[PDB]
Structure formats: C-alpha cells, structure tokens
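Visitor: Next comes run22.txt, compact mmCIF, C-alpha atoms:
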```txt
# COMPACT_ATOMS: atom_id res chain seq x y z
CA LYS S 534 78.63 -34.85 -156.65
CA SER S 535 79.04 -37.25 -159.55
CA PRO S 536 76.63 -37.16 -162.51
CA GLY S 537 75.09 -40.23 -160.90
CA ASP S 538 73.26 -39.54 -157.61
CA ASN S 539 72.75 -36.06 -159.12
CA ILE S 540 70.06 -37.57 -161.38
CA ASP S 541 66.64 -39.06 -160.69
CA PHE S 542 66.82 -42.22 -162.81
CA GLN S 543 69.06 -45.29 -162.58
CA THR S 544 72.80 -44.79 -162.99
CA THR S 545 73.25 -47.64 -165.50
CA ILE S 546 70.81 -45.92 -167.87
CA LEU S 547 73.77 -43.65 -168.65
CA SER S 548 75.36 -46.75 -170.29
CA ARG S 549 72.51 -47.10 -172.83
CA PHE S 550 73.05 -43.57 -174.28
CA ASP S 551 75.92 -43.17 -176.77
CA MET S 552 76.89 -39.61 -175.83
CA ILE S 553 75.94 -37.73 -172.65
CA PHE S 554 76.27 -33.93 -172.58
CA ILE S 555 76.39 -32.17 -169.21
CA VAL S 556 75.11 -28.71 -170.18
CA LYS S 557 76.35 -26.84 -167.13
CA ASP S 558 75.42 -23.13 -166.89
CA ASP S 559 78.40 -20.76 -166.67
CA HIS S 560 77.58 -17.51 -164.81
CA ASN S 561 80.45 -15.56 -166.48
CA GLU S 562 79.13 -12.10 -167.55
CA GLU S 563 80.83 -12.07 -171.03
CA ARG S 564 78.57 -15.05 -171.90
CA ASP S 565 75.57 -13.53 -170.13
CA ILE S 566 75.82 -10.31 -172.17
CA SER S 567 76.34 -12.23 -175.42
CA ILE S 568 73.36 -14.51 -174.72
CA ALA S 569 71.14 -11.55 -173.82
CA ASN S 570 72.14 -9.71 -177.00
CA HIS S 571 71.48 -12.86 -179.07
CA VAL S 572 68.10 -13.53 -177.39
CA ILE S 573 67.05 -9.84 -177.94
CA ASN S 574 68.12 -10.17 -181.60
CA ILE S 575 65.66 -13.07 -181.59
CA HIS S 576 62.91 -10.94 -180.02
CA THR S 577 61.86 -8.32 -182.61
CA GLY S 578 65.49 -7.48 -183.36
CA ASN S 579 64.92 -9.33 -186.66
CA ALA S 580 68.71 -9.51 -186.98
CA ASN S 581 68.96 -13.30 -186.72
CA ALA S 582 66.32 -13.93 -189.38
CA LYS Q 773 44.99 -5.52 -184.56
CA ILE Q 774 48.14 -4.61 -182.60
CA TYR Q 775 51.39 -6.53 -183.17
CA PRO Q 776 54.17 -4.52 -181.50
CA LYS Q 777 57.92 -4.76 -182.06
CA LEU Q 778 61.11 -3.52 -180.43
CA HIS Q 779 64.23 -1.99 -181.95
CA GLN Q 780 67.93 -2.37 -181.23
CA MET Q 781 68.01 1.07 -179.57
CA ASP Q 782 66.68 -0.62 -176.40
CA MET Q 783 69.08 -3.58 -176.33
CA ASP Q 784 71.80 -2.21 -174.02
CA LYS Q 785 69.89 -1.69 -170.77
CA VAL Q 786 68.02 -4.99 -171.02
CA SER Q 787 71.22 -7.01 -171.38
CA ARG Q 788 72.76 -5.34 -168.33
CA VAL Q 789 69.59 -5.94 -166.31
CA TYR Q 790 69.70 -9.62 -167.22
CA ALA Q 791 73.30 -9.86 -166.05
CA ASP Q 792 72.50 -8.14 -162.74
CA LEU Q 793 69.56 -10.45 -162.18
CA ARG Q 794 71.84 -13.42 -162.72
CA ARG Q 795 74.60 -12.23 -160.44
CA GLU Q 796 72.36 -11.30 -157.53
CA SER Q 797 70.63 -14.66 -158.04
CA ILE Q 798 73.68 -17.00 -157.81
CA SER Q 799 75.06 -14.94 -154.85
CA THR Q 800 71.74 -15.80 -153.23
CA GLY Q 801 71.71 -19.17 -154.98
CA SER Q 802 68.07 -19.83 -154.08
CA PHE Q 803 66.38 -19.40 -157.47
CA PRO Q 804 67.80 -19.77 -160.97
CA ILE Q 805 66.86 -16.85 -163.27
CA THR Q 806 67.71 -18.23 -166.74
CA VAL Q 807 67.19 -16.95 -170.33
CA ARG Q 808 63.49 -17.72 -169.74
CA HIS Q 809 63.24 -14.62 -167.51
CA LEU Q 810 64.77 -12.35 -170.20
CA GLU Q 811 62.21 -13.77 -172.70
CA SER Q 812 59.38 -13.12 -170.18
CA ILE Q 813 60.57 -9.55 -169.79
CA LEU Q 814 60.34 -9.23 -173.57
CA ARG Q 815 56.84 -10.74 -173.67
CA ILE Q 816 55.51 -8.47 -170.93
CA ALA Q 817 57.07 -5.50 -172.73
CA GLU Q 818 55.13 -6.50 -175.86
CA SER Q 819 51.96 -6.70 -173.77
CA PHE Q 820 52.63 -3.27 -172.23
CA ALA Q 821 53.01 -1.84 -175.73
CA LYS Q 822 49.83 -3.64 -176.81
CA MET Q 823 47.70 -2.01 -174.12
CA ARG Q 824 48.85 1.40 -175.38
CA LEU Q 825 47.94 0.54 -179.02
CA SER Q 826 51.58 1.29 -179.87
CA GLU Q 827 53.36 -0.43 -182.76
CA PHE Q 828 56.84 -0.14 -181.20
CA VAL Q 829 57.78 -0.88 -177.60
CA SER Q 830 58.95 2.20 -175.71
CA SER Q 831 61.63 2.12 -173.03
CA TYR Q 832 58.99 2.84 -170.38
CA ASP Q 833 57.16 -0.35 -171.35
CA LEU Q 834 60.46 -2.21 -170.95
CA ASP Q 835 60.94 -0.59 -167.53
CA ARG Q 836 57.45 -1.66 -166.44
CA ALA Q 837 58.02 -5.21 -167.71
CA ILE Q 838 61.35 -5.39 -165.88
CA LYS Q 839 59.66 -4.11 -162.71
CA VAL Q 840 56.91 -6.73 -162.95
CA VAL Q 841 59.37 -9.56 -163.62
CA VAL Q 842 61.76 -8.60 -160.82
CA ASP Q 843 58.88 -8.09 -158.38
CA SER Q 844 57.43 -11.52 -159.19
CA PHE Q 845 60.84 -13.19 -158.90
CA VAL Q 846 61.67 -11.38 -155.65
CA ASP Q 847 58.31 -12.11 -153.99
CA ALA Q 848 58.80 -15.82 -154.78
CA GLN Q 849 62.01 -15.94 -152.71
CA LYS Q 850 62.73 -16.42 -149.02
CA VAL Q 851 62.88 -13.59 -146.50
CA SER Q 852 66.61 -14.26 -146.21
CA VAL Q 853 66.89 -14.18 -150.02
CA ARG Q 854 64.65 -11.06 -150.29
CA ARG Q 855 67.59 -8.61 -149.85
CA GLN Q 856 67.81 -8.29 -153.62
CA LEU Q 857 64.71 -6.12 -153.26
CA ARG Q 858 66.05 -3.66 -150.69
CA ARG Q 859 69.60 -2.99 -151.90
CA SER Q 860 70.25 -5.04 -155.06
CA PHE Q 861 67.21 -4.44 -157.29
CA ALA Q 862 65.96 -1.24 -155.65
CA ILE Q 863 67.22 0.59 -158.76
CA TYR Q 864 64.49 -1.08 -160.86
```
Spell out the structure here as structure tokens.

Guide:
Amino acid sequence: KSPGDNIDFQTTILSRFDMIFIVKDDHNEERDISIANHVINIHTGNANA
Amino acid sequence: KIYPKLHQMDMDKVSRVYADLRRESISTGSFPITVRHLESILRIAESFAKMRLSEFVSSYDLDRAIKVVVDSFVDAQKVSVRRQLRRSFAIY
C-alpha cells in the first residue's frame, strides 16, 4: 500500500511536513548482527562511551 | 548495593540469538521482535546477576534471561505461530 492509507491521520497532513522519512525495517542478517553488536556495546560494553 | 555489568566475552551468542529471533519472527510474521527485545534480554540478565549479588553477568544469567524473553514472546503468540517453541526456539 501507499504511505497514505497505511497511516492513521489525514493524507494531506503529509503536505505540511517538509521532509518525511519512511524508516522501514530491513530483516537482512548483516544489519541484524551489526545492530546487535552495537546495542550490546551500548549495554555495559562501555565501548561506545 | 549491586550494580552489575557485562563484558564483550558474551557478545557473540547474544547477537546470534537476536538474529534467530528475528528470522523466525518474520517467517511467522505475527509479532515484531525489534531491538527492544535484545535490550530486555540485557535488562533481565542484569537482574539475574543482581539476585546472585554478582558484579559481572555470567553466561548462565544471559541464558536464563534469553529463556524468559523467548518464553514470554512465544506464549504471547497464536497456536499457529507457536511452532517457534517446538522446533525453532527449542534450543533455548
């Protein structure tokens, strides 16, 4: 489906916003492993800090 | 008094588990398991270490946290979607 009718609010509200980002989730494992490693580095890994 | 931590030695398994959770979840397609579930696994691992008065989180605490998270996620699914318990996530 289009971005409109896939959203709760009025379609024309999308006109008011300057830039609209569709943050789709990609289920590719390369990205999943990287995100998990990053998020663990966040959680007591103390690497990111 | 007890503020536990983890160490990078226990990164590998957790990442793989997260991936598996994702892939059995989109195959089912009923419930999204996002990065929030990985960060809930981490929190429950910290709690498991806290009840043992430990200052670092052992791999057994991580295993117990993973078991709790996967059991809660599985029991919130449909009977048709519940297969992930019998033959997908039976390893955990």

Visitor: Please, what distance in Å, to one decimal, runs between CA of residue 787 (chain Q) and CA of residue 569 (chain S)?

Guide: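 Here the two named atoms are 5.2 Å from each other.
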
Visitor: Find the residues in chain S near chain Q: any atom within 8 Å counts, using only C-alpha atoms. Write them as a list in words.

Guide: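 Written out as asked, the residues are residues 560, 562, 565, 566, 568, 569, 570, 572, 573, 574, 576, 577 and 578 of chain S.
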
Visitor: Closest to residue 558 (chain S) among Q:861, Q:805, Q:856, Q:849, using only C-alpha atoms?

Guide: Q:805

Visitor: I need the residue nearest residue 539 (chain S) from this list: S:582, S:555, S:571, S:561. Use all atoms listed in the file for the distance.

Guide: S:555

Visitor: Can you tell me which residues surround residue 800 (chain Q) at a distance of at most 12 Å, considering all atoms listed in the file, apart from same-chain residues fewer than 2 positions away, and format the answer as a PyMOL selection string?

Guide: chain Q and resi 793-798+802-805+846+849-857+860

Visitor: To one decimal place, how far is CA of residue 834 (chain Q) from CA of residue 567 (chain S) in Å?

Guide: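 So the two atoms, CA of residue 834 (chain Q) and CA of residue 567 (chain S), lie 19.3 Å apart.
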
Visitor: May I have the centre and edge lengths, in Å to one decimal, of an axis-aligned box around the listed atoms of region 542-550 of chain S with 5 Å added to every side, as JSON?

Guide:
```
{"center_x": 71.1, "center_y": -44.9, "center_z": -168.4, "size_x": 18.5, "size_y": 15.4, "size_z": 21.7}
```

Visitor: CA of residue 773 (chain Q) and CA of residue 825 (chain Q), how far apart in Å?

Guide: 8.7 Å

Visitor: Measuring atom to atom with all atoms listed in the file, identify which of Q:862, Q:813, Q:774, Q:848 is nearest to residue 835 (chain Q).

Guide: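 For residue 835 (chain Q), the nearest of the given residues is Q:813.
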
Visitor: As an mmCIF file, in the frame of the given file, please: region 548-570 of chain S completed to N, CA, C and O atoms.

Guide:
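Now in rebuild25.cif:
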```cif
data_model
loop_
_atom_site.group_PDB
_atom_site.id
_atom_site.type_symbol
_atom_site.label_atom_id
_atom_site.label_comp_id
_atom_site.auth_asym_id
_atom_site.auth_seq_id
_atom_site.Cartn_x
_atom_site.Cartn_y
_atom_site.Cartn_z
ATOM 1 N N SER S 548 74.606 -45.828 -169.396
ATOM 2 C CA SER S 548 75.360 -46.750 -170.290
ATOM 3 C C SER S 548 74.643 -46.868 -171.633
ATOM 4 O O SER S 548 75.327 -46.940 -172.654
ATOM 5 N N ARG S 549 73.316 -46.904 -171.609
ATOM 6 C CA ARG S 549 72.510 -47.100 -172.830
ATOM 7 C C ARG S 549 72.728 -45.983 -173.841
ATOM 8 O O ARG S 549 72.686 -46.285 -175.039
ATOM 9 N N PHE S 550 72.865 -44.738 -173.383
ATOM 10 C CA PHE S 550 73.050 -43.570 -174.280
ATOM 11 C C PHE S 550 74.466 -43.550 -174.837
ATOM 12 O O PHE S 550 75.389 -43.865 -174.096
ATOM 13 N N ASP S 551 74.613 -43.198 -176.114
ATOM 14 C CA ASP S 551 75.920 -43.170 -176.770
ATOM 15 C C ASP S 551 76.759 -41.996 -176.285
ATOM 16 O O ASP S 551 77.931 -42.164 -175.925
ATOM 17 N N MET S 552 76.180 -40.797 -176.270
ATOM 18 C CA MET S 552 76.890 -39.610 -175.830
ATOM 19 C C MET S 552 76.029 -38.837 -174.841
ATOM 20 O O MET S 552 74.847 -38.592 -175.105
ATOM 21 N N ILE S 553 76.627 -38.448 -173.718
ATOM 22 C CA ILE S 553 75.940 -37.730 -172.650
ATOM 23 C C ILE S 553 76.593 -36.364 -172.504
ATOM 24 O O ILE S 553 77.794 -36.272 -172.222
ATOM 25 N N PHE S 554 75.803 -35.309 -172.680
ATOM 26 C CA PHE S 554 76.270 -33.930 -172.580
ATOM 27 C C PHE S 554 75.783 -33.337 -171.268
ATOM 28 O O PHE S 554 74.573 -33.253 -171.036
ATOM 29 N N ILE S 555 76.718 -32.913 -170.425
ATOM 30 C CA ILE S 555 76.390 -32.170 -169.210
ATOM 31 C C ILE S 555 76.414 -30.689 -169.573
ATOM 32 O O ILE S 555 77.482 -30.088 -169.711
ATOM 33 N N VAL S 556 75.230 -30.103 -169.725
ATOM 34 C CA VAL S 556 75.110 -28.710 -170.180
ATOM 35 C C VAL S 556 75.175 -27.855 -168.918
ATOM 36 O O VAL S 556 74.165 -27.460 -168.331
ATOM 37 N N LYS S 557 76.371 -27.629 -168.389
ATOM 38 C CA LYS S 557 76.350 -26.840 -167.130
ATOM 39 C C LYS S 557 76.094 -25.390 -167.535
ATOM 40 O O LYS S 557 76.375 -25.040 -168.692
ATOM 41 N N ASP S 558 75.614 -24.568 -166.607
ATOM 42 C CA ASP S 558 75.420 -23.130 -166.890
ATOM 43 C C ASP S 558 76.595 -22.364 -166.309
ATOM 44 O O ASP S 558 76.875 -22.536 -165.111
ATOM 45 N N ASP S 559 77.253 -21.562 -167.139
ATOM 46 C CA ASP S 559 78.400 -20.760 -166.670
ATOM 47 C C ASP S 559 77.878 -19.352 -166.386
ATOM 48 O O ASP S 559 77.202 -18.798 -167.265
ATOM 49 N N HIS S 560 78.144 -18.826 -165.189
ATOM 50 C CA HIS S 560 77.580 -17.510 -164.810
ATOM 51 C C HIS S 560 78.524 -16.363 -165.182
ATOM 52 O O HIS S 560 78.274 -15.229 -164.734
ATOM 53 N N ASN S 561 79.522 -16.631 -166.028
ATOM 54 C CA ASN S 561 80.450 -15.560 -166.480
ATOM 55 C C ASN S 561 79.640 -14.496 -167.225
ATOM 56 O O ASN S 561 78.758 -14.881 -168.009
ATOM 57 N N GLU S 562 79.905 -13.217 -166.961
ATOM 58 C CA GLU S 562 79.130 -12.100 -167.550
ATOM 59 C C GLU S 562 79.363 -11.916 -169.057
ATOM 60 O O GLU S 562 78.405 -11.514 -169.724
ATOM 61 N N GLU S 563 80.578 -12.142 -169.560
ATOM 62 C CA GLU S 563 80.830 -12.070 -171.030
ATOM 63 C C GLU S 563 79.772 -12.902 -171.760
ATOM 64 O O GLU S 563 79.184 -12.391 -172.730
ATOM 65 N N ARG S 564 79.557 -14.138 -171.313
ATOM 66 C CA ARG S 564 78.570 -15.050 -171.900
ATOM 67 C C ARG S 564 77.156 -14.566 -171.631
ATOM 68 O O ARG S 564 76.285 -14.687 -172.496
ATOM 69 N N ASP S 565 76.905 -14.026 -170.439
ATOM 70 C CA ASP S 565 75.570 -13.530 -170.130
ATOM 71 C C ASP S 565 75.188 -12.385 -171.067
ATOM 72 O O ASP S 565 74.079 -12.365 -171.615
ATOM 73 N N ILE S 566 76.104 -11.436 -171.282
ATOM 74 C CA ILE S 566 75.820 -10.310 -172.170
ATOM 75 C C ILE S 566 75.621 -10.795 -173.600
ATOM 76 O O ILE S 566 74.705 -10.345 -174.300
ATOM 77 N N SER S 567 76.474 -11.715 -174.059
ATOM 78 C CA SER S 567 76.340 -12.230 -175.420
ATOM 79 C C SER S 567 75.008 -12.955 -175.605
ATOM 80 O O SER S 567 74.327 -12.769 -176.622
ATOM 81 N N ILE S 568 74.619 -13.778 -174.629
ATOM 82 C CA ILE S 568 73.360 -14.510 -174.720
ATOM 83 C C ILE S 568 72.183 -13.546 -174.716
ATOM 84 O O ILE S 568 71.230 -13.710 -175.486
ATOM 85 N N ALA S 569 72.227 -12.529 -173.853
ATOM 86 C CA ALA S 569 71.140 -11.550 -173.820
ATOM 87 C C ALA S 569 71.030 -10.806 -175.140
ATOM 88 O O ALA S 569 69.923 -10.594 -175.648
ATOM 89 N N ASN S 570 72.166 -10.406 -175.716
ATOM 90 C CA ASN S 570 72.140 -9.710 -177.000
ATOM 91 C C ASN S 570 71.569 -10.606 -178.095
ATOM 92 O O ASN S 570 70.749 -10.163 -178.908
#
```
